[PDB]
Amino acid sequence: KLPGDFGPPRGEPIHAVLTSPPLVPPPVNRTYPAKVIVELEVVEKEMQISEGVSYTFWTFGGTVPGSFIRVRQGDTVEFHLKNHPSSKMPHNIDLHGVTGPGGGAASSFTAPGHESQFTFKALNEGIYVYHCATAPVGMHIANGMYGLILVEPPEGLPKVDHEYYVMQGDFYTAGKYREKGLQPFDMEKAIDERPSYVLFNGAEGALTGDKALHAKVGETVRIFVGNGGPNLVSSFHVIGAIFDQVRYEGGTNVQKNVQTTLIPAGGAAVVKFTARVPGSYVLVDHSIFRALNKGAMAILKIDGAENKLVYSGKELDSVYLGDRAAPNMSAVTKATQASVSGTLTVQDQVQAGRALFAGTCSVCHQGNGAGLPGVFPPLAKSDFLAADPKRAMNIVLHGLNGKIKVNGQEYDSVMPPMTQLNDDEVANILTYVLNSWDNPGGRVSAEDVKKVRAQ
């Protein structure tokens, strides 16, 4: 006998309601198998992968990850794939959990402006990745063509207060991390498995700040977690909390009470969290340069009463979360746009630099530029800064060590280099500093920084 042997579809055909990340459709809440009609449209379009950094994404339903599909084990699914007329490429779909060659791929080839359909029975309960399967497949996946399909057990999943949808992917731009402009896909970096960005839900900051996930003390949260890849394996982890349960795909095994899991490329898991104390809980790939240098962090923000018996301490800040502590970094987007338009003002630079200074500089120099006397020199009203702005560009790019005198006090420490900052970032940060804290004003341009970097 096949699994999912619940008899022929009954009732009326159901038109599936799909959701955009990070939301999930309601529980199916049904005791009979149905014919479920799923309609999903591929759209190719430019979106911001980071502030001021555009990328041509290929999407299922206009989002990365693609629209979430929710059905019941034993359902017959009539799957309709449309390819928007604006597309340049053909596309198709492989749904994990489908019983049949290619997971649908050979019956879903869809040229721009066309539609395809195929039917399958959902024999297999579980959470499953779906993705494009059009050669070169890795390119399609790298461009954002992946999402999740949930096939519920017949009795449904246990009730929880919130359900969310989070999916990791690795991305490959020609430019370096945070280099502005429209960035092409880079096949060389992709083949080498050397991503420039590693993200949740298709962009830096997609689930941070004002886009965080929410719940309250005492509530339960289920997260459907995918890893679209194409290539990386996630050391998936929640900072400051624990997973009550982790279940992969439709596996019989359920791990309980773990904080760090491994999610294969192409894999998916359901995790459960119980909110205990208020604050920001960070979902990361704990291959930690991905999380804190390439974009792979997402926030579940918990509202409610502190419990000093459990945790006496404070909410996170920029020391850990960096420039993603703040609600957003829209000033960076704005300054980048103004540069393109040729209208970049001092204040545009100042506000972009303010956003970028958080974490990146404030960890040592403080949010108010005061430093710490004799340990971290001040940027506020800094004689040393004012004396030589070009030296300050060199200090950001190349670091500084040795004895110096700042505002009458000696420092004898080490500031690490920061050459990974792009020329616009250095320029905007230094313009912010120059225009703060009784510093002399003026500006540093990206071209100024380019020249210092080349010397």
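Sequential numbering from 1, following the sequence displayed.
Mind pulling up the entry and telling me whether 298 to 306 or 365 to 373 has the higher mean Cα temperature factor? Of 365 to 373 and 298 to 306, the stretch with the higher C-alpha B-factor average is 365 to 373.
Can you tell me whether 193 to 201 has a higher mean C-alpha B factor than 353 to 361 in this record, or the other way round? Stretch with the greater average CA B-factor: 353 to 361.
If you check the C-alpha B-factor for each of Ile395, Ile49, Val36, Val42 in the entry, which is highest? Of the candidates given, the C-alpha B-factor peaks at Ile395.
Among the choices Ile69, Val64, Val53, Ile404, identify the one whose CA B-factor in the record is greatest. Reading the PDB entry, the winner on C-alpha B-factor is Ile404.
Ordered by C-alpha B-factor within the chain, which third holds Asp348? Give me lowest, middle or highest, please. Top third by C-alpha B-factor.
By the recorded C-alpha temperature factor, relative to the other modelled residues in its chain, which third is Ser20 in? Its C-alpha B-factor, which the entry lists for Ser20, ranks in the lowest third among residues of this chain.
Relative C-alpha B-factor of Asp285, binned into the chain's lowest, middle or highest third: Within its chain, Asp285 is a lowest-third residue by C-alpha B-factor, going by the deposited values.
Please place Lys82 in the lowest, middle or highest third of its chain by C-alpha B factor as given in the entry. CA B-factor rank for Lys82: middle third.
Taking the values exactly as deposited, rank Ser339 by C-alpha B-factor within its chain and report the matching third: lowest, middle or highest. According to the entry, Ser339 has a C-alpha B-factor in the chain's highest third.
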